[PDB]
Structure formats: structure tokens, C-alpha cells
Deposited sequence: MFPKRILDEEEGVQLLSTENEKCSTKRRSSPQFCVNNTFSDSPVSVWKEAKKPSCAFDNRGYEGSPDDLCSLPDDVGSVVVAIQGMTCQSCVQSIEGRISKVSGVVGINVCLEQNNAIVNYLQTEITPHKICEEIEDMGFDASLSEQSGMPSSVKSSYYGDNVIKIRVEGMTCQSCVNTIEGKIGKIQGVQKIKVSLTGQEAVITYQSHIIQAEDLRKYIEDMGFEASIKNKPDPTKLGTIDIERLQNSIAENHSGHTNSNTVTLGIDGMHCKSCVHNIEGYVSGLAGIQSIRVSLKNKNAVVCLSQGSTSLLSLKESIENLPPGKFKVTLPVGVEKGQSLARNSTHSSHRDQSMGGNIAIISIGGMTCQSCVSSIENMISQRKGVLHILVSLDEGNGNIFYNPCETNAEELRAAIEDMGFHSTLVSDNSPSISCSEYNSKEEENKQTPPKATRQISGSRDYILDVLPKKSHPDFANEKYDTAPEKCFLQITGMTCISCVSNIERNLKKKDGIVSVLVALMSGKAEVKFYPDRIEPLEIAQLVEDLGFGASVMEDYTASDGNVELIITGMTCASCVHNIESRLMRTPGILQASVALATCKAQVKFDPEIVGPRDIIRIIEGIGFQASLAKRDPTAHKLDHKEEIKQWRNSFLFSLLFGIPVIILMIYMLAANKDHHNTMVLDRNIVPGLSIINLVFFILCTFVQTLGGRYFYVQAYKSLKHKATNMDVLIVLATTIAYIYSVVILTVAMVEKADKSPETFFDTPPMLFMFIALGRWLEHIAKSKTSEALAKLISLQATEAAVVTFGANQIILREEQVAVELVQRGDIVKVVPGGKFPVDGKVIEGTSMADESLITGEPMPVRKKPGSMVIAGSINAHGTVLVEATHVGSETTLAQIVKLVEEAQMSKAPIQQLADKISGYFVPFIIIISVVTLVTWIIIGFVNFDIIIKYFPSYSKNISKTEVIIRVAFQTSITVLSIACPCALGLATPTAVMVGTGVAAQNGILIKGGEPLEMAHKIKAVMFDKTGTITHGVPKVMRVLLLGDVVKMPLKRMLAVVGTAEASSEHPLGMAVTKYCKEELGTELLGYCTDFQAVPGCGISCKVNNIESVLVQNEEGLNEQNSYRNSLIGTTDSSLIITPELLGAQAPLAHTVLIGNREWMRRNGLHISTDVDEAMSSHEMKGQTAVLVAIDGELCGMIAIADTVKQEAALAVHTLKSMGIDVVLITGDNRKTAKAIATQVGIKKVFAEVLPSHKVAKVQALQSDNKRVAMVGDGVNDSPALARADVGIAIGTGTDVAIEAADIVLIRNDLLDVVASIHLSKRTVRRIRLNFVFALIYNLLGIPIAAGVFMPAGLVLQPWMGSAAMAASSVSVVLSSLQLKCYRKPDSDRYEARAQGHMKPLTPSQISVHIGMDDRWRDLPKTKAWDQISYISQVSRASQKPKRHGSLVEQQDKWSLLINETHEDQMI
């Protein structure tokens, strides 16, 4: 019992791997018990220290074929009625009981924390003790959109009148120019009030965002707008104040137009950007729902002593408890099957729908679907140690590992901010130099000389005005709309094309994909078995035999049986099945039936269906020719079942999974573009190799656990490659979250759909190629939009700086407004034009692969099993 040792085991890929390890280790003398997990690769061994040593245990595990290395409980409860400090009694009683290390209770919140050894004490014991005492105990982004929307609305409310007044003044006005005081004017006063409101309210979020950006040692669009608007607002106030002091006859021109203009559009762009980025992460909630909510704890044993059956919450269960699973109910916790035989569906881990036989001494997975009978399970892993919980942890880690991507607008603004400052400073110094040296150019191009102020003031004031005009014109207005507008339009195109894209990230990353991994079941081939071929081993028509088999197999519940029946129905008129029929079945051995309704088949004695073992035990042998056919069929990893009548061999039926017709074309198309194709699946190597040969995938991975899939994705990403994961099962969810781009089949599991960032509503593999092409068109359009959001402003900078002054061109007041409309309209029109995109026709893909596509020999395909390639 004492000196329990901890071991780490690698190279295990099956639950049968765990069962063999446990059985062999327990068989050896000295070893008392062993526990181990599949994905965690962690094991605990209890043995007598005086008989065997940890080094021997590691050597024994290594001999089994799995690498072994030697390496080194808290409960929170809420208790009612904790209104008195004396009820100290609870803590003292807990300390008295063995196996409890510490226990404390807080009177302020009635919360209690207990630390103990799980192997000796559990939460149930503490709860029972508390109940006995006399008290009950029980175990314990949109903000950005809202604030951006508020800022945009406030700017629009206090910014629209600013634009309306400007249009009225420019288009047409002497009344508005009337001066209440010599330095100010009614029009100027209105501009100042509205601008102040916009800056105080609309610019509040801009200031903090820029303030936060500065703490990040980086500059982005928010910093650019804040600096530009603040400078323009400050200068306007100063010129107004000096004009009032100097009581000038004519009020100076103010730059109150800019801050309302930039805040409105930038806030709108940021609001649109965050709306597109909005997404849901309900995948974690779906995974939690899979776990069972209750278990049927048993008392004593199951041989000759049984007293009570108690419904206990899964969280309250502890290791070593015995639970009962009814058929159709989920397994509550991982454990060992004792005195129970039934069918278990383990699509959570391996992903296939084929049930796996469970026999006493075997192991089960939490969340697996039980059927065919009742089962008694001895829990071994509970709580977060369950396999399902480990998957949830992997999904959480993958989601948290997705760092944010810097927007192209922010990157452009990073270089823009120094650029505008440099030209603004350069424009200031040169104009000051020009005025000081000559002072004649200023008079010719500026009537300000008529004022009585000194010459130095005129040259300084004009230089400051010219530099600031350059700065205001330089700052773009449609920069924020460049990316979000195209992204939203691109998403609409995807929706019209049967592709659902969650957020704008996938559209900006699919074009970077260089490696794609496809799951086998459901993704590359249909998830339900289908009859592949039928052969004849007196010589009745094949159709009559098929009808006879269908009637006998009508009541069968095996997926193969129903697949055979539907295939027979399709081959026949399937008007109605025969009435008279007797059914008898030996599970895992075969099925026998009595059919005497052959007349019904003719209008439209004994039937035996089974395998090699059934024939051998029934006195029927296997011929050489038929045996060779079975070996060839089995070589392709497909099931085969033989039919006999009245003890005489009749024929054989082969059932195999049919690959999607477009899977081969999609794989070839991806390869033609220089994108690697990888087939990763949890099925046996034989089936994976056959599927890969059919579709032409060079790299095949088989017997892969969910943890292994994440590792493979991480390994591919480590090589600077972008990985696009395609899957439909629960086991694929952690890979989809970890992958750069996640694609979920439309008919797949709910968890897979939520985890994946892209959903194929039309469940056609060609959409993966189409999505990459659609992303390429979007990114190219986004860059063009940025040009439209900068070229108009860039062309205006020389005019503001006065480069074209000698040519007769001057910065007219309406140019600033004109630049906005041209840039905003151009960006919107450019983004909207993406709606004309059309999905490439399947004929084009076929024509492009008329001769390039060619089947691949099975000998050239390399099959790798496991992560370390320990096995062949």
C-alpha cells in the first residue's frame, strides 16, 4: 500500500492498450494495483516496496512496448445555517476523522474549504458528517461594441450640424458671418460649441484608446486620430483667443471641421470592425453537456450482497465507487467493467460509429453511449481526470492560444503617424524660412499682410496655418472602413455560396494555408457503411437471395445489418418485407432465421448469416477460391459477411465505406496549388491506407487520439506553415480550435461546428478550395480599398503644402470635404463590387485535371501510426 509510485507512459493508442498493461502488471507478483489514463499518459502503481522496485516496474512496462519513465484533494462547499461560530464544532470533527489534512469555514460567506487525501477521504464523507451534525452542505467583448457605438452616435449627433453648416457656407451667408464680438463670429461660435461637445463626448473613447496604446509602446489609428484632432482643436482655440484679444475686423478661419469629421467615420469603422469580429464560443458548453449528470452508485458488491441503489451526482462520485449503467445511458466516469457485457459507442475518442464490445475486465470512457444491456463499472478516474475533461482542457488551451492579429489599418497608421509629423514639421520650418528670407511670397499669396501685426507674426502664423492644413488633409477618413467593409461583404458572398464564416479572421488567413488535414470518416467518406459488392459461392437468382437476406436482417440492429437491408431494398421494389419470419441471434457469432415467405419474393427454408468462425463451428469449411477472395477483400480494410441456406454456402456480401466523389478532385486541386494534404484519422491503418489510395493522399496517419491530432497541428505550425483542419467529430474539435483555420462539415457534430471557424453548409469538400479562392479575392480587394483611403489624401498634401502655388493651384476650403466623399465612396464601391464573385464551376476543376490527375499505387503511400512512430 505505501510507497505508491508515479509513472509516465507513452506510445499507447488504444483503450485495449490500457487493459493489457493493467492486466499484465497486476499479474506479476508484488504489484497490487495499477491505474493509467489514455491521453494524459499518466499512471499510478501501488505495490509492496520490499518485493519490487520502480525501476523494475518501468522495465516491465517498457517490455510491453510502451515507453515508461519514472517521475515524482481540495473541495469547496457551502453550508447552510452557519450563523454561529460555535457550529468550530464542524472543524474539530473534521480534524478528528482520519484522512483530512485541513478544513476551514468562513462565517462571512458560509464557504468552507477542505484539503484531504482522495485515496482515504472524499467529499461524500464530509457531506455526510456535516449532515449528521445538523446542517446541509452542497458543492459550489460586447462592451467594446457598445462603447464604440455610443461614441459614433454622439459624434454623428453633434457632427452632422457641423457638416450641414459647412455645406451651407461653402455652397452659398453674411448673416452667419455677423460678429457678436470683433474677434469671433456667430458661425465660428457655433463651430466651437459643437466641436467641444464632440471632442468631450465623441473623443472620450478615442483618448483612452490612444492612452492605452501609448502604454503598449505602439501607435495605431486611435493615436493618429487623437493627435490630429487635438492639434486642430487646440490651434482653433488659440487663434480665436488671440483674435478676441486683438479684436480683429475679420475672424480667422478655424479647423473645427476636422475633429467631427474624423471621429464620425473612424468610430463607424471601428464599430463595424468589432461587429464583424463578434463570434460565439459555445463549443465548450456543448462538451460539458456530454458528461452525464448522475450515476447509480451501488453498495457492497454484486455477487451475493446488494442493499441500496443511490442516485449520486457525477461531481460527488469518488474513485472506487461502483456504478450501474442502463442501456442507452451515458457512462458517468471511466472505470473497469465488472460482471457486465454490453455494447459501447466510443465516437468521442476514436470517432467511428462502430460499437465496441465490452466484457468484464475491460475499460470504458466517460461519455460513451451504453447499449445492449446493463453494465456495472468500477470507477477509476473521476472529475477532471476523465478523458472527456481532458479534451475540454485541450479545447480551452487551444482557444486561449489564439493570439489576436494586428489590423492592417493599425500597421499602416504606424508608419503614417511619423510620416504626417515629418511633413507637418517640414512644412512649418520651410514656410518660416521662406517668410524670413524673402517675405514677398507671403504677401503675394496671402492677404494677411494687410493686418497691422508685425512681419514676424505674419510669417509665423501663415506657416503654422499651412502646416496644420497639411496635417488635417493628410489624415485619412475612410481608412477605418477599408477592411471591415470588404470583410462583411465577403462574408455575405460566402453565405450565398453555402459557406458560413464566423468572424473576419478566416477570410484573412485561408489564403495563407499551405497544409490541410482531412478526417477520414464523415469528411472524406460517408459516415454510414454501404454495401460494396455481392458474390455467389441450388443456383438461385442473386436478387432472390438478396431479398431473403434483407428479410432475415430486417430486425438486426447492427449498422452493417441495416446497411444490407437498405441496399437490398434499393435493388428490389421494396414494396414490403415478408411477414412470416423467425429470428435468433448469437452476438458476435452470427444470426440465424427461418424464412418460408419465398412466395412474396417471387410475387415481387432456413437462412444463416455469419463469418468464418460460424462456418467452422457449424461443420462448414472454406474453399480455396472463396478464401482467396476474402483475403483480398480484407486487404482493403472492409467488412465481409457470408450467407448460407440450409447449411449450404450460398454467397458473400462485402460492406465498405464509399469515398465522396468530390474528395479525389478536391485533394488533387489542393495539391496542384502547392498545398500539402494529410489524412489523419482514428481508424485502423488498413482502412486509412485504402481510403488514402482511393483519394491519392500521400501522407496517412492512423490510430490517432485527440491529443495526438493537436500535437500534429502544432508540429506543422512549428514549420512556419499555416494549417487548415477539416473534421466533423468531437475528437476533431481540439484540432479545429488549435488549427489556424477550422472547417466543420455541415452534417458533423454540434461541437465540431461550434469549434470550427468555417462551416460547410453544403457539405461539399470543394468548398474548402473555394473558401481559399474567396479569401484571396477579399485580401486583394482590402489592399485596393486602403489605396482609395490614402491616395486621395496623399494627393492633397502637396496642394496643402503649397507645392503647386506658383502654378495657380491653392488648397480651396471645399477640398477637405471632397476628399472624404471620394475616398468613402470609392472604398464602399470597391468593397461592394465583391458581390459579383462567382464560385468556380466543378467542370473547370475537372477540365484542369483532365490528365494531371492519376491514381496512386498503394506501395508509394507511407502509413504512420502514433506520434513517435514507435510501431510500423
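- prompt: Could you give the ranges of the deposited sequence that carry no C-alpha coordinates?
  reply: Going by the record, the segments left unmodelled (no C-alpha atoms) fall at 1-482, 555-560, 576, 630-639, 672-677, 1043-1045, 1113-1149, 1418-1467.
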